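As a starting point, one isolated chain is supplied in structure tokens, in the form deposited in one PDB entry.
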């Protein structure tokens, strides 16, 4: 087979990070399908080969596991699927239609990679232990492997959603109202909270538009990514609030502040769920320490970092916890953050 050959070749190239503007240009109209095809048939084999080369450089005890071999098999097949289109003609509509169908198949093939890689982490802990050095190496690899995955699934979604044969550009909303996404994520977390706990904290939202007070806060962003982060934070904050007030009657509300500055758009979620000692904060972001026979926070932080943001937690044991999503306010500063190969 030529799979090792392809990996070596395309690993020589560096991934090309795209900005929000570039995403909006690719999706401005259906006339750009050919340009998207020409870009992706080269870029997707590059990004796939770079992360596949890093997988092959893992230690033999990790590389020989069934989880890694299964994931690697799905990365080899996806690579080969894209390679078939390198010599095809963009002017042929059939070539473009087949490319879209191939991307949907590739996306579905990798839909279970996060629980599979979690199974591998649990196997490692039981087979070799949970030492700190192992934690760092696993954290280093999975952060890069999951950020690569996010970037590859972003490109695929933009092509398939737009070139399917407007206000929203695929998964990007150029006028995303942050408060509405906050409400949506709270409402979903509330439904689950009421069902499992028979009680739910209320929600309070306050907006601070520094430059234009009393004007609703909008941004260019991927609302599905923002929902995923806010949903995970709401679930954790509601659980802590309800469980810490089981023997009390008052249930403190969850308070969200949306602040718009000259370059940051910040979203703070404040709860009074008893808080967490500082010693345990790092474990909440660790894949290995959160694994038990709990990746919402570490993956949520990767979504924030994907467009040059961040997600941070600061708690006060005995009182409550604050969780801040830092996003770039300006589309010019919103650029893909890809793993440094």
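Positions refer to the first chain, counted from 1. Between two forms, the rigid core is defined as the largest C-alpha subset superposing within 1.5 Å.
Absent from the display: the form deposited in another entry. The rest refers to it.
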*Core-fitted Cα difference of 2 Å or more between the shown form and the other one, single residue among 216, 129, 261, 253*: 129
*After the core is matched up, is the C-alpha of residue 312 off by 2 Å or more between the shown form and the other one?*
no
*Using a superposition on the rigid core, decide whether the Cα position of residue 35 changes by 2 angstroms or more between the shown form and the other one.*
no
_Distance change of 3 Å or more between the C-alpha atoms of residue 28 and residue 88 in that other deposited form: closer or farther compared with this structure?_
closer
*Work out the direction of the Cα-Cα change for residue 27 and residue 222 in that other deposited form: closer or farther than in this form? It's 3 angstroms or more.*
farther
